[PDB]
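Visitor: Have a look at this one.
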Amino acid sequence: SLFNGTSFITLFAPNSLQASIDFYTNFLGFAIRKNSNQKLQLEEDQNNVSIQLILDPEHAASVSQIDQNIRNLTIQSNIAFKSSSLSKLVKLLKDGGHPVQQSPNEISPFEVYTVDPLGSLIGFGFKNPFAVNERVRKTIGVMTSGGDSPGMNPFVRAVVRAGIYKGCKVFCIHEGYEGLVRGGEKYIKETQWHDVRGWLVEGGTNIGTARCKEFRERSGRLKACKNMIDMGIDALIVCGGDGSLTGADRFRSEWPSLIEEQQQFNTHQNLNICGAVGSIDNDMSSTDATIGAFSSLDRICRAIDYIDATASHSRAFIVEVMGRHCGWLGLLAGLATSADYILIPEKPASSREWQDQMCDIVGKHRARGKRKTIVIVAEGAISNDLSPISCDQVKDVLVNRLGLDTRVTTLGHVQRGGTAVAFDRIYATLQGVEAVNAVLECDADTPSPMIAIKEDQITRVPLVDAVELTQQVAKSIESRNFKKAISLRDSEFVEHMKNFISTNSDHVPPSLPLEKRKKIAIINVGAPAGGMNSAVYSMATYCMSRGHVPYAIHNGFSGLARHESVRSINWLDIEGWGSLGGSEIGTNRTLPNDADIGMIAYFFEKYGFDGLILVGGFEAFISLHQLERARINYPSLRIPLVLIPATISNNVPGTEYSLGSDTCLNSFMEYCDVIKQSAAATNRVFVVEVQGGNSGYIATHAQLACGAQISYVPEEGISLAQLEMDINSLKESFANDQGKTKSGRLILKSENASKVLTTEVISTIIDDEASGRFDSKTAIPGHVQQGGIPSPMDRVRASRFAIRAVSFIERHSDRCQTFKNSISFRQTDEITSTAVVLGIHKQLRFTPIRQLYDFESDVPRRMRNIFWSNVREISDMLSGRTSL
Amino acid sequence: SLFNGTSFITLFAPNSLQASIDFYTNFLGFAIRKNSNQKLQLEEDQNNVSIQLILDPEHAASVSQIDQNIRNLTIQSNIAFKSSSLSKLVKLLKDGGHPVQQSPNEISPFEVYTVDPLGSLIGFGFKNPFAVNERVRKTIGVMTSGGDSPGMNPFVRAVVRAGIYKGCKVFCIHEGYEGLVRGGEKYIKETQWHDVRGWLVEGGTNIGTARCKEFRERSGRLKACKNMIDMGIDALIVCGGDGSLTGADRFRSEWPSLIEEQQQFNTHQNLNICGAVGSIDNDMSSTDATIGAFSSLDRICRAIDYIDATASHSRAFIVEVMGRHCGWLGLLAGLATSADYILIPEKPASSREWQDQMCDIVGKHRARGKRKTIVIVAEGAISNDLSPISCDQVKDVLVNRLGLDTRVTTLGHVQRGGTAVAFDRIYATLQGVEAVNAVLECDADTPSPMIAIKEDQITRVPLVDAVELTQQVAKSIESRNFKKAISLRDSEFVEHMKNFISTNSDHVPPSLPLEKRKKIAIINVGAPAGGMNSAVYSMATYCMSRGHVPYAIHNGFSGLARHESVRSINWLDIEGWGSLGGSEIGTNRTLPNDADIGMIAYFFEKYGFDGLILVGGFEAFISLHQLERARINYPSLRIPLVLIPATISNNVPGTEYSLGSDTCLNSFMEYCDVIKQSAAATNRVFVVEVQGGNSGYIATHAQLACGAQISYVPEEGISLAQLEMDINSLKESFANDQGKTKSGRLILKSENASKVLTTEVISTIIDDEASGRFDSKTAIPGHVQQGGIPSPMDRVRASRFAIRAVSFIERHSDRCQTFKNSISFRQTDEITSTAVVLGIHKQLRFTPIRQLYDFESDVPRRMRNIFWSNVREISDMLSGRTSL
Amino acid sequence: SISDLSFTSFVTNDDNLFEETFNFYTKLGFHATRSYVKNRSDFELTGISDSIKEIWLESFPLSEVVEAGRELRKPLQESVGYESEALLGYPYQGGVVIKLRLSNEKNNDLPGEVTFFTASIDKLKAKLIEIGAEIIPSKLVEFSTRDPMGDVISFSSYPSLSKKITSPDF
Amino acid sequence: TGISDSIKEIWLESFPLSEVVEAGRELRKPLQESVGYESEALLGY
Ligand SMILES: Nc1ncnc2c1ncn2[C@@H]1O[C@H](COP(=O)(O)OP(=O)(O)OP(=O)(O)O)[C@@H](O)[C@H]1O
Ligand SMILES: Nc1ncnc2c1ncn2[C@@H]1O[C@H](COP(=O)(O)OP(=O)(O)OP(=O)(O)O)[C@@H](O)[C@H]1O
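Written out as structure tokens, the structure is:
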């Protein structure tokens, strides 16, 4: 050759040169050569990189300035550099206020501009994978107060273990306040780690609750205070209801009871107190869900489901529901089971008599075809003038004003009994852990906390402020401001109240004017998930409520493209859909591009859809992206596209909660309980194969809810060293069972954790290593974990999300029709925002598909960054697991 | 809408109208409507297709003619039709003299032209998989003659069974001509199907051979003729050598020996005679390979291999080879084992004394570094003046003229002993089958045939013409025209002679002028295969012979792109490569596009390669296509690209023979023999798992060569019905073993035949169904079947192909440099022809990669239409298998 | 074995002619279902004979309109005579593909014409007088019209031409 | 590469200088069997 190499790049500056000298040195890693001849930029030693800068007037300030602004449109001769890990330089430029050009933003060539524009950077000569990247001590006291609430045992188990782990004596105050006031070894017993064995399954409270008359007065409050100082209890944890916590709050303010009658007064000077709501009611104001609320809701829905599971004219059914102060149970049961009329204290009849209101609503429903009328009566069922409405009162109206043979079903203690539902077990446990930390982290300047859940996230809220707020609600009801009382309840309550009345109301004129009425379609994509049918039911009934035309795309994208599966949704046909498992519409894993994308687009324009709601897993996630990317070709797709994640796995980015995961969690939790119970009957372990695919979410949560010793997850895998360590753990566990409760042992293994070390292989290794001291058996239930009848939570969440989806389509349809009716569509930012994923984040938010697909997902064969890391740490803590 | 549908297309004709009327009716299936008003074309009933034709002068003859020719460039408004299975119409148009335009030629929209041009046809509205496609008796006598030749038993086994199957009595004439002349039950025994049991493995001749002095005279020829008429033998099959068949030919012409001394003379009037060459010599002229030739060649190479497997200066080794008339064994052994000097009758020293010739060649080899000198001496080793050259003669020259300690190795009877090699078993068997058919198909007007192989294909050649031609060669040797004698031998012999002397001659000035000398590169792509190293050895030594620069691309495309693995080839470094197994260069399954195609292209131009030789399987096949398709981007790739198929599988289209398949076949055949022998020792079956992937070639051939009862192949699969039928066959087979030879039973199952019914599963089903009457055991050798030391056939074929590859690159390089030095490369037909696959077809031909990839292959995950269908039929015939 | 006619294609060199043709059928009841322009994201199914721009217009078939009394909307394939097939079933079935070639090369337009079916002959006649021209007929053809492309109009292979909402069988 | 789009693009290379091989015939380029060639994780020196 003759052009043998490349010595240096020569740049000419106007007259000033320094701005560029600062750029290439800070941004590129160059350096000024020692002792400058006039007033050379080399990179490093043992190299050949050089850039010459001359101040000779050969380049104009006016031309260069115009060229820089000219480039701000996303052609010119340039120079490219060989540089490893371009990703780091791109971030450094962008954040430094410099624009950059790149290939997939993953990335291949990077290109920026200085006073000397178009300074390119390549990561290699020709196409190939790139150049490799270069180089504190205090003793705790637990108590339970008020009526039995499922989840109280899981909470106490958590407090006993958490406190023990944090290195402090845990005392269980038997018979709540009574035990606290009476004191002594009789009621205040020191609790060990093995003493709270298998309490997850146990119903009610093993410690016990008692209504203490003395503690209501300063007489008892003082006696209780003495008993704590005598027992050496430095901190109190109360798990109970409203008054149960208000009484604890009063005890907190009244704590300065120095009473001379100083060593002890010096040490035990401040009251470390923490609250957790142990109620079925869900009446406490600063939390979204109280411990026992969803299990109670579950008992109610279990009864309503059995009632609906039959034939018949002239029949009405009354479900008498426990829950004295709040209407949350009534409202949510009513929503989950699509009840005709609910009698709750927050929404009594106002413009007309409750009998007239009920008869009208019930009548309209029967008239349109609904033969099984279900009426839910709250314990706090009341009229305007605060007169309590009884079941018999309601029964006589149905029997005498209408011709209905009414049969009353009253749950009673059923609503407090049984094991805590997966949500209650997971949440009560984490609350127990938090209550301990809160109590330890507490300082005299910190206001006494109450552990609260705020949109699936554990938080600390001041107990005084929560006590005050609940009183404010009670005041609003008593002062007859029900509209106010409703707004004073949590944002979920107000949304559910709105969701229920709208879905309950096709049989009343539409709420939108003719112009604002649209054509919204719904599809189910992926494997079935509990709530798919509920999302469809709620969306269709809400559409009818607004005046929209709800369309159902039967059997996913394959059904639309190959068979024109656009079908109308009739209110009578969808009767009981909210309670049905699977997908009535029909779901499959077929992607829009695996079905004809042109045909999907053709039918979208033929039926003139104003929006689309996708209910499904990762395939529905890819589907969104595939439909969004096809918008350039098809104007028919330039409409709001919304995804409501539905997978038992919880592998879809954008949400922290996917529809059907609670249904699935609960069915597997019920399965694991039976398996552990069986292990408890025989020195045996069970290796339980878990579903969820490449997502370790279900095994994580099942480990916490069931008390499994280990959970093998796809994100971590299974190492031989960890397997040997964990087997030695089992060896020691059984050697230490001599004396303690026989609760049984579980190991949960997600099928994807190891392709080699399978459930069956793992178990045979345990037997080999066990040397006859114990045995191992597998439990492989299979891809049946989906579950039938969806959980009340799933039915309720699906309703909420389906409505938020319709409401988004309402908002964005006007903007879309600009891109729809126009060609020359250049695929802007205003349009990409309409193709979105509805999700829970800490907040319920819609996230554009673009950011989640490109950045938040393993788009490839994995189909899945996790959030459940803390849950994992706690479940290993609670079971004594040692990682590597 | 307003444009509600499409009624009809209206066409205007010039004045004449009839040409188009004939087109749309014959080509499209239209019909003229009854009773025309002036002098409508509808398709069919219950439809809506119509084309209106008017003769009004609205369309000009000059304009329309110009438009038709204008379209002959591969834009105008057109009409498309909905039509199922476009492939059938495209063929009907093209063959009818009408050009057509289509999407992948697989195909999506079809477009042709009439007097009314641009008549389009779509197979659906929008993109999606298309609309579904609408709606004779004579008793045979076998004999063997001449010296023992491996494969004589497999041949006789074949004749006995084939003849039995075709419904005729088979007699085995013991002691050849002696038995035929003596006659009687003593020498002419009736043979049954079970009497030739396990003869595949047996060496020599179970019937026996004898030199009959009497048959040389008319005295014996008459006695033999009587014995055939007395035994009622209507047809004779001779399996022997040259004279052995010449004597049969003389007996054929002398057959009219009516001799009065008429019932028998009327019936037994004509001699049905068929010949097959049973010789190790390979001296017979009308066949490419005689039965026993490759087994004998194998014995020789086995000895040479052992000799080469040692250290040392002043050492020479003489291999005394059996083979009196021909030099084929000497030449092929010399080629397969890269011998220094060969003494064969066709190529005696001419321009100088044989001692001077030998010493010069040997000397040059030792001088360049080769320490182990191997000299092969033929039985027919001769000088110019026809003086026979002995081993001792050769030994004294090496010991006295050079200072070499010479050790002679003489094979003797070793060269006739042992089992027939896979090639001999497969070919002798098929020849036996053909010999029977030939004998039955024979008519008095048809000249007596001899069964011959012509480039891996069984043919019939007139015995007289073959006998005459062999004598012509002997005449040329005796008349001292060796150059003539060489040309008189088969085309493979002349090519091998050329191949050997060129590869034997780096140490002599190049055979090409400076201008005609090129830079040729070689790669190995896929899994290793016997002959990969031989193809490299032969190509490098041939390159040096021509004056080319041979380059080796180490470790496939990954090695080139990521590591610049271009390496020179030194003669001394490649010593013994022709005999080494695997790939010395390094092979992998990495494709040019899975490695950097731009980087491959960069190094191709950096090193300025004038051509490329790919040695490998299906990945090397895809590689060719990937390199061919990248030619548009890279001028560096616009050079001849040649693929020499190398797979044990034989899945590459273009050849009927892939390098390494004989090495593999023989190793598996040796394995199966031991397994069947083991079955024979114990009422047992063996299910033997076979390699070759999705290609059923190896199991097909192993079934034939080993005598397996069944072979389960991926192309057919394994049905439960066939499995039950085959198991019942085994049940009956063992029930009938009472009395016959215990030869053992095999079932060969290609791993890909069934994913569910696996070797292990199949065998357990056999045991279940066997009900203790016999057992089943598996034999799973594994992916070891590759084999070390490649077969002499593989070493030889690889040499031949490597040279044909270099020679193709020589021919096409000049044409390529036009496309190489030029941009505006539009990817013509002259260039696509240079990217080719070297192959055997019936003919040794180069096939352009385009036709084999697009049309002849399962490009996808299958990596594979078969030719071996007949082989399959025969192996089922010979084992009594009943298919479904 | 051709079922019917898939679509008609009209190719032009002039962009001004192309856009004016698009707007012509847009006023006549056509809807652009697919669009193309010279970006690597665009899907390719048709583009020869290449093309710089391509607009696929569809005048959707007539189906049995649904009552809900509010304003009238299209039904589904829960319609009167809908018979589901292996692919799509069995509705008055017309799409016209408009293609745009480069600056340069390209054949001249030949004399042939297409006749489309309309169940609103007078309603179409009225839009044409409200827009373009109305050519007088010869031979089933009711009338004819033009743009750079001349087209004919009549009734389909059935006896007569607008009852979209059909009479359910007994 | 095609931005910044492009109608035509030609990539020219003036190849590096390596240690030429003698074979006496005419001079040809060596391989990376050359003098100071040190093989790296990717290509060498
Ligand atoms: N307790 C309830 N249970 C079920 N649905 C109800 C209930 N209250 C109201 N609705 C729903 O709201 C619809 C309209 O209610 P209504 O006709 O009583 O007006 P309203 O604002 O809810 O009444 P009011 O002014 O008396 O509080 C009902 O037809 C029904 O869908
Ligand atoms: N019998 C042989 N065995 C091996 N290589 C041979 C043999 N004969 C010739 N060759 C190869 O051919 C090269 C040239 O041989 P040679 O110079 O004797 O010319 P030739 O035309 O084959 O001989 P002649 O004219 O005597 O028959 C040898 O150096 C050798 O490499």
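Chains as they are written, first to last, in the entry's author numbering: chain D, 5 to 19, 21, 23 to 45, 49 to 83, 94 to 143, 145 to 155, 180 to 305, 314 to 363, 365 to 558, 560 to 736, 738 to 897, 899 to 920, 922 to 941; chain B, 5 to 19, 21, 23 to 45, 49 to 83, 94 to 143, 145 to 155, 180 to 305, 314 to 363, 365 to 558, 560 to 736, 738 to 897, 899 to 920, 922 to 941; chain C, 5 to 42, 44 to 54, 56 to 74, 77 to 98, 100 to 102, 104 to 114, 118 to 152, 155 to 176, 178 to 186; chain A, 51 to 54, 56 to 74, 77 to 98.
Note that beta-carbon positions come from the ideal geometry of N, C-alpha and C, so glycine has one too.
1. Hey, quick one: how far does the beta strand (DSSP E) through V447(B) stretch, first residue to last?
2. Quick test of your reading: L244(D) and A475(D), contact by CB under 8 Å. State the CB separation rounded to the nearest angstrom.
3. Within the continuous beta strand (DSSP E) that includes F11(C), where are the two ends?
4. Three-state secondary structure (DSSP) at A497(B)?
5. Would you call the stretch 851–861 of chain D in contact with the stretch 687–699 of chain D, where contact means no fewer than 3 C-beta pairs closer than 8 Å?
6. By the three-class DSSP mapping on this structure, what secondary structure does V669(D) have?
7. Just grab the DSSP bridge partners of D458(D) for me.
8. From this set, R478(D), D543(D), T814(D), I251(D), which residue's C-alpha is nearest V928(D)'s C-alpha?
9. Check whether the Cβ atoms of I427(B) and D340(B) lie closer than 9 Å to each other.
10. Which bits of chain A does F100(D) rub up against, with CB to CB less than 7 Å?
11. Three Cβ pairs or more, each shorter than 8 Å: is that satisfied between the stretch 227–234 of chain B and the stretch 15–26 of chain C?
12. If distances are taken between C-alpha atoms only, which option among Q408(B), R906(B), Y591(B), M934(B) comes closest to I623(B)?
13. Have a look at the DSSP bridge pairing and note the partners of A890(D).
14. What residue ranges within the stretch 195–268 of chain D form continuous alpha helix (DSSP H) runs of no fewer than 4 residues, ordered along the chain?
15. Distance, Cα to Cα, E258(D) vs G284(D)?
16. In three-state terms, what does DSSP make of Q50(B)?
17. I want to see whether chain A comes within less than 9 Å of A69(D), judged by CB atoms only; does it?
18. Could you check the C-alpha separation between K537(D) and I686(D) for me, to the nearest Å?
19. Which residues bound the alpha helix (DSSP H) around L464(B)?
20. Whole angstroms are fine: how far does the CA of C212(B) sit from the CA of residue 46(B)?
21. Does the Cβ of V562(D) lie closer than 8 Å to at least one heavy atom of ligand 1?
22. Determine the chain B residues that contact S92(A) at a beta-carbon separation under 8 Å, and present them in chain order.
23. Comparing alpha-carbon positions, which option in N121(C), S159(C), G145(C) lies nearest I134(C)?
24. Output, in sequence order along the chain, the residues in the stretch 595–625 of chain D whose CB is closer than 7 Å to any CB in chain C.
25. For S172(C) and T10(B), what's the separation of their Cα atoms in angstroms?
26. Rounded to the nearest angstrom, what separates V131(D) and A99(D) at their Cα positions?
Guide: Answer, in terms of the structure:
1. Run containing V447(B): none in the beta strand (DSSP E); it sits in the alpha helix (DSSP H), 444–449.
2. So it is not a contact: roughly 10 Å between Cβ atoms.
3. According to the DSSP assignment, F11(C) belongs to the beta strand (DSSP E) that extends over 6–16.
4. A497(B) falls in the coil class under three-state DSSP.
5. Under the Cβ criterion (8 Å, minimum of three pairs), the stretch 851–861 of chain D counts as touching the stretch 687–699 of chain D.
6. The answer is strand: DSSP assigns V669(D) an E or B state.
7. Answer is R368(D), bridged to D458(D).
8. It is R478(D).
9. At a Cβ-Cβ threshold of 9 Å, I427(B) and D340(B) do not count as neighbours.
10. Neighbours of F100(D) on chain A: none; closest Cβ ~15 Å, over 7 Å.
11. Pairwise C-beta distances place the stretch 227–234 of chain B out of contact with the stretch 15–26 of chain C, as fewer than three of them are shorter than 8 Å.
12. Put simply, of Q408(B), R906(B), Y591(B), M934(B) the residue whose alpha carbon is nearest the alpha carbon of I623(B) is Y591(B).
13. The partner list for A890(D) (beta bridge, DSSP) reads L695(D).
14. Taken in chain order, the complete alpha helix (DSSP H) segments of 4 or more residues contained in the stretch 195–268 of chain D are 196–209, 220–226.
15. Roughly 18 Å between the two C-alpha positions.
16. It is a strand residue.
17. With 9 Å as the cut-off, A69(D) does not count as an interface residue toward chain A.
18. Their backbone Cα atoms lie some 48 Å apart in a straight line.
19. Unbroken run through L464(B): none, as it is neither H nor E.
20. No coordinates are present for residue 46(B), because the numbering of chain B runs from 45 directly to 49.
21. Of the heavy atoms belonging to ligand 1, at least one sits nearer than 8 Å to the Cβ of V562(D).
22. For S92(A), the chain B residues whose Cβ falls inside 8 Å of its Cβ are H617, in order along the chain.
23. Considering only alpha carbons, the answer is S159(C).
24. Those would be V603, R616, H617, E618, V620, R621, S622, in chain order.
25. Approximately 9 Å, taken between the alpha carbons.
26. Distance from the CA atom of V131(D) to the CA atom of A99(D), rounded to whole angstroms, is 10 Å.
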